[PDB]
Amino acid sequence: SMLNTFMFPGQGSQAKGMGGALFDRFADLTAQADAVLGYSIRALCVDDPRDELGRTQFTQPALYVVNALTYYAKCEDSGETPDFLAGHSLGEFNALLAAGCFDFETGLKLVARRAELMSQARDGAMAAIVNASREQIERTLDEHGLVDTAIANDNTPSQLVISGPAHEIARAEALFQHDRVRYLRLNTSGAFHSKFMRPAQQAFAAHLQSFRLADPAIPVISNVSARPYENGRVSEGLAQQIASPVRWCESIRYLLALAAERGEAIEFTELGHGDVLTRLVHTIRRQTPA
């Protein structure tokens with residue numbers, strides 16, 4: 001165990017029932033979140049009456065608040081403090097929160113703007129590919145004229161996400177179903193973490209200029225660079241994140257190599273609903289000869 005990394009999940013990990021009793025435990029944070037958002041965060045999470053959890057403008061605030069509350073529960077009960085922080089796209093906001101870069105309300109405000117803009121993207125899609133390398137994927141996409149489709153998530157060596165125009169993502173299905181290679185269409189109307197997000201990114205960077213973001217008090221591994229957020233480049237890193245691939249595998253691997261250089265062991269604590277990142281980290285570690 002030894003050095004501890006707190007990690008926060010993103011889109012896809014949400015599920016009706018998430019949060020639970022944490023909402024009333026943190027009754028004041030919860031009321032702060034309803035006032036920022038203009039609806040009940042607890043209702044959206046526990047009950048989900050309009051089946052809203054899967055639409056990105058709601059998914060994102062849901063994740064953030066659940067990740068945060070789980071993080072506060074963990075801090076209080078366990079007593080532990082992170083030596084390192086990383087979050088997966090949305091989850092990066094909770095990493096920056098735990099590094100003291102903004103307060104709870106301010107992150108939620110950033111998230112709501114992020115989530116609103118990303119929701120405006122029409123005509124894109126994403127699909128997760130299992131058991132092809134990056135090189136197989138990129139070649140295959142080239143060979144079949146999927147010109148606007150690229151890697152959006154590099155999650156583990158055998159698990160990557162693509163995004164592009166909906167029809168390209170649709171045509172890809174046929175290209176990634178064979179031998180071990182598998183394909184899964186995801187839920188979204190946006191080609192997230194690709195060039196289609198550029199307008200959201202710029203709109204989001206502009207919104208960010210209204211907020212004074214502190215340098216991290218605990219290292220946060222940035223999705224864009226797979227390296228620690230620089231002092232002074234927080235808003236920079238945060239904004240670039242949106243149109244860039246999420247370099248999850250490399251971020252984890254950077255932590256594994258850092259622990260080793262320091263002769264220390266390293267563990268990963270997933271803070272939020274589900275075990276999505278827990279399973280990614282096991283797979284990464286199993287690969288990555290040691």
# chains A, B, ... in the order shown; residues from 1 in each chain; ligands from 1
call {"tool": "closest_atom_pairs", "arguments": {"of": "segment 84-148 of chain A", "to": "segment 201-222 of chain A", "cutoff": "10 Å", "atoms": "only C-alpha atoms", "output": "CSV"}}
result
residue,atom,partner,partner_atom,distance
A:84,CA,A:219,CA,5.3
A:85,CA,A:220,CA,4.5
A:86,CA,A:221,CA,5.2
A:87,CA,A:221,CA,7.9
A:88,CA,A:222,CA,9.3
A:89,CA,A:222,CA,9.3
A:92,CA,A:222,CA,7.5
A:95,CA,A:220,CA,6.3
A:96,CA,A:220,CA,6.7
A:97,CA,A:216,CA,8.9
A:98,CA,A:218,CA,7.9
A:99,CA,A:216,CA,4.8
A:100,CA,A:216,CA,6.0
A:101,CA,A:214,CA,4.3
A:102,CA,A:213,CA,5.9
A:103,CA,A:213,CA,9.5
A:106,CA,A:211,CA,8.1
A:107,CA,A:211,CA,10.0
A:109,CA,A:207,CA,10.0
A:110,CA,A:208,CA,7.4
A:111,CA,A:204,CA,9.8
A:113,CA,A:204,CA,7.0
A:114,CA,A:204,CA,6.3
A:115,CA,A:204,CA,9.8
A:116,CA,A:204,CA,9.9
A:117,CA,A:204,CA,7.6
A:118,CA,A:201,CA,8.6
call {"tool": "write_last_selection", "arguments": {"atoms": "C-alpha atoms", "output": "PDB file, in the first residue's frame"}}
result
ATOM      1  CA  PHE A  84      -1.384  11.613  -5.474  1.00  0.00           C
ATOM      2  CA  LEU A  85      -4.569  12.490  -7.296  1.00  0.00           C
ATOM      3  CA  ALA A  86      -6.000  11.495 -10.702  1.00  0.00           C
ATOM      4  CA  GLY A  87      -9.473  11.677 -12.252  1.00  0.00           C
ATOM      5  CA  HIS A  88     -10.997  10.375 -15.471  1.00  0.00           C
ATOM      6  CA  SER A  89     -12.233  13.277 -17.585  1.00  0.00           C
ATOM      7  CA  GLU A  92     -10.330  15.278 -12.843  1.00  0.00           C
ATOM      8  CA  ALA A  95      -8.883  15.460  -8.164  1.00  0.00           C
ATOM      9  CA  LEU A  96      -8.453  19.245  -8.484  1.00  0.00           C
ATOM     10  CA  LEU A  97     -11.040  19.633  -5.678  1.00  0.00           C
ATOM     11  CA  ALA A  98      -9.080  17.301  -3.349  1.00  0.00           C
ATOM     12  CA  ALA A  99      -5.890  19.224  -4.231  1.00  0.00           C
ATOM     13  CA  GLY A 100      -7.474  22.402  -2.917  1.00  0.00           C
ATOM     14  CA  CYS A 101      -7.562  24.119  -6.331  1.00  0.00           C
ATOM     15  CA  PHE A 102     -11.183  25.318  -5.777  1.00  0.00           C
ATOM     16  CA  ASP A 103     -13.952  24.743  -3.340  1.00  0.00           C
ATOM     17  CA  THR A 106     -16.783  26.320  -7.546  1.00  0.00           C
ATOM     18  CA  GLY A 107     -16.009  22.898  -9.034  1.00  0.00           C
ATOM     19  CA  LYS A 109     -20.092  25.481 -11.175  1.00  0.00           C
ATOM     20  CA  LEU A 110     -17.268  24.579 -13.548  1.00  0.00           C
ATOM     21  CA  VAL A 111     -18.835  21.139 -14.120  1.00  0.00           C
ATOM     22  CA  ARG A 113     -20.803  24.704 -17.655  1.00  0.00           C
ATOM     23  CA  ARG A 114     -18.650  21.883 -18.975  1.00  0.00           C
ATOM     24  CA  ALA A 115     -21.561  19.512 -19.007  1.00  0.00           C
ATOM     25  CA  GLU A 116     -23.916  21.972 -20.663  1.00  0.00           C
ATOM     26  CA  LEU A 117     -21.472  22.749 -23.510  1.00  0.00           C
ATOM     27  CA  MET A 118     -20.516  19.143 -24.107  1.00  0.00           C
TER      28      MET A 118
END
call {"tool": "residues_around", "arguments": {"residues": "residue 187 of chain A", "least_positions_apart": "5", "cutoff": "10 Å", "atoms": "only C-alpha atoms", "output": "ChimeraX atom specification"}}
result
/A:11-12,54-56,125-127
call {"tool": "closest_residue", "arguments": {"among": "A:14, A:253, A:175, A:181", "to": "residue 51 of chain A", "atoms": "only C-alpha atoms"}}
result
A:14
call {"tool": "closest_residue", "arguments": {"among": "A:242, A:184, A:63, A:2", "to": "residue 108 of chain A", "atoms": "only C-alpha atoms"}}
result
A:63
call {"tool": "closest_residue", "arguments": {"among": "A:91, A:164, A:10, A:49", "to": "residue 146 of chain A", "atoms": "only C-alpha atoms"}}
result
A:164
call {"tool": "atom_distance", "arguments": {"atom1": "atom CA of residue 73 of chain A", "atom2": "atom CA of residue 22 of chain A"}}
result
7.7 Å
call {"tool": "select_by_dssp", "arguments": {"residues": "segment 110-179 of chain A", "states": "strand (DSSP E or B)", "output": "ChimeraX atom specification"}}
result
/A:124-130,150-156,159-165
call {"tool": "write_last_selection", "arguments": {"atoms": "N, CA and C atoms", "output": "short mmCIF file (atom, residue, chain, number, x, y, z; two decimals), in the first residue's frame"}}
result
data_model
loop_
_atom_site.label_atom_id
_atom_site.label_comp_id
_atom_site.auth_asym_id
_atom_site.auth_seq_id
_atom_site.Cartn_x
_atom_site.Cartn_y
_atom_site.Cartn_z
N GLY A 124 -22.04 13.37 -32.99
CA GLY A 124 -20.88 12.52 -32.69
C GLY A 124 -21.27 11.29 -31.90
N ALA A 125 -20.29 10.42 -31.68
CA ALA A 125 -20.44 9.21 -30.94
C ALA A 125 -19.08 8.70 -30.43
N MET A 126 -19.13 7.65 -29.59
CA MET A 126 -17.95 6.97 -29.04
C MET A 126 -18.23 5.48 -28.87
N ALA A 127 -17.18 4.68 -28.84
CA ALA A 127 -17.27 3.25 -28.70
C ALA A 127 -15.99 2.78 -28.09
N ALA A 128 -16.09 1.81 -27.20
CA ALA A 128 -14.95 1.32 -26.52
C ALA A 128 -14.53 0.08 -27.27
N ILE A 129 -13.22 -0.05 -27.47
CA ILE A 129 -12.67 -1.18 -28.21
C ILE A 129 -11.84 -2.01 -27.26
N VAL A 130 -12.04 -3.32 -27.29
CA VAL A 130 -11.30 -4.21 -26.41
C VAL A 130 -10.45 -5.16 -27.26
N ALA A 150 -10.81 9.19 -34.07
CA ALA A 150 -9.52 8.99 -33.38
C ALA A 150 -9.63 8.37 -31.97
N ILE A 151 -8.50 8.10 -31.33
CA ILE A 151 -8.55 7.63 -29.99
C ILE A 151 -8.89 8.79 -29.03
N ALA A 152 -9.87 8.54 -28.17
CA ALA A 152 -10.32 9.53 -27.21
C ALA A 152 -9.90 9.23 -25.77
N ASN A 153 -9.92 7.94 -25.40
CA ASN A 153 -9.44 7.41 -24.13
C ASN A 153 -8.39 6.35 -24.38
N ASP A 154 -7.23 6.43 -23.75
CA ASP A 154 -6.37 5.29 -23.74
C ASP A 154 -6.39 4.77 -22.32
N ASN A 155 -7.18 3.73 -22.11
CA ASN A 155 -7.54 3.28 -20.77
C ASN A 155 -6.65 2.17 -20.18
N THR A 156 -6.34 1.18 -21.00
CA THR A 156 -5.37 0.12 -20.65
C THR A 156 -4.81 -0.30 -21.98
N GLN A 159 -7.60 -1.61 -24.00
CA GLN A 159 -8.87 -0.93 -23.87
C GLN A 159 -8.82 0.53 -24.16
N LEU A 160 -9.41 0.91 -25.26
CA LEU A 160 -9.32 2.25 -25.77
C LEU A 160 -10.67 2.63 -26.25
N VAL A 161 -10.93 3.92 -26.27
CA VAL A 161 -12.16 4.50 -26.75
C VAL A 161 -11.93 5.41 -27.93
N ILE A 162 -12.77 5.27 -28.91
CA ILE A 162 -12.75 6.08 -30.08
C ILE A 162 -13.90 7.00 -30.10
N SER A 163 -13.73 8.09 -30.79
CA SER A 163 -14.79 8.98 -31.07
C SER A 163 -14.62 9.62 -32.40
N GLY A 164 -15.75 10.02 -32.95
CA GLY A 164 -15.87 10.65 -34.24
C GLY A 164 -17.30 10.88 -34.62
N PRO A 165 -17.55 11.19 -35.88
CA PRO A 165 -18.94 11.31 -36.33
C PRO A 165 -19.71 10.02 -36.16
#
call {"tool": "residues_around", "arguments": {"residues": "residue 16 of chain A", "least_positions_apart": "5", "cutoff": "10 Å", "atoms": "only C-alpha atoms", "output": "list in words"}}
result
residues 43, 44, 45, 46, 47, 48, 49, 51, 52, 53 and 54 of chain A
call {"tool": "select_by_dssp", "arguments": {"residues": "segment 89-252 of chain A", "states": "helix (DSSP H, G or I)", "output": "PyMOL selection string"}}
result
chain A and resi 91-98+104-120+134-143+166-176+195-208+234-243+248-252
call {"tool": "closest_residue", "arguments": {"among": "A:199, A:157, A:149, A:229", "to": "residue 250 of chain A", "atoms": "only C-alpha atoms"}}
result
A:157
call {"tool": "decode", "arguments": {"residues": "segment 28-44 of chain A", "atoms": "N, CA and C atoms", "output": "compact mmCIF listing (two decimals), in the first residue's frame"}}
result
# COMPACT_ATOMS: atom_id res chain seq x y z
N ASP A 28 -25.62 19.93 4.07
CA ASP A 28 -25.25 21.30 3.63
C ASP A 28 -24.57 21.35 2.23
N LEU A 29 -23.61 20.47 1.95
CA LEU A 29 -23.04 20.36 0.61
C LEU A 29 -24.18 20.08 -0.37
N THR A 30 -25.07 19.13 -0.04
CA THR A 30 -26.21 18.84 -0.91
C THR A 30 -27.08 20.06 -1.24
N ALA A 31 -27.43 20.85 -0.23
CA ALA A 31 -28.21 22.07 -0.46
C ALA A 31 -27.42 23.06 -1.29
N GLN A 32 -26.10 23.14 -1.06
CA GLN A 32 -25.27 23.99 -1.91
C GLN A 32 -25.34 23.54 -3.37
N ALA A 33 -25.38 22.23 -3.59
CA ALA A 33 -25.39 21.72 -4.96
C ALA A 33 -26.75 21.98 -5.60
N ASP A 34 -27.86 21.73 -4.88
CA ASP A 34 -29.18 22.07 -5.45
C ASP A 34 -29.25 23.55 -5.80
N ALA A 35 -28.67 24.43 -4.99
CA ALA A 35 -28.80 25.86 -5.33
C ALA A 35 -27.99 26.24 -6.58
N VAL A 36 -26.90 25.52 -6.85
CA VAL A 36 -26.04 25.86 -7.96
C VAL A 36 -26.71 25.39 -9.26
N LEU A 37 -27.33 24.23 -9.14
CA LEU A 37 -27.84 23.46 -10.24
C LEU A 37 -29.30 23.80 -10.57
N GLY A 38 -30.08 24.18 -9.55
CA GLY A 38 -31.47 24.52 -9.76
C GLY A 38 -32.36 23.27 -9.82
N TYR A 39 -31.87 22.14 -9.32
CA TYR A 39 -32.71 20.94 -9.16
C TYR A 39 -32.13 20.07 -8.06
N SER A 40 -32.84 19.02 -7.66
CA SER A 40 -32.36 18.21 -6.56
C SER A 40 -31.31 17.22 -7.05
N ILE A 41 -30.10 17.32 -6.52
CA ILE A 41 -29.05 16.43 -6.90
C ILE A 41 -29.34 15.01 -6.37
N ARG A 42 -30.02 14.95 -5.22
CA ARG A 42 -30.26 13.66 -4.56
C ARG A 42 -31.30 12.89 -5.35
N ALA A 43 -32.35 13.59 -5.79
CA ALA A 43 -33.40 12.98 -6.59
C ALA A 43 -32.78 12.43 -7.88
N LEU A 44 -31.97 13.23 -8.56
CA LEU A 44 -31.41 12.82 -9.85
C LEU A 44 -30.60 11.54 -9.66
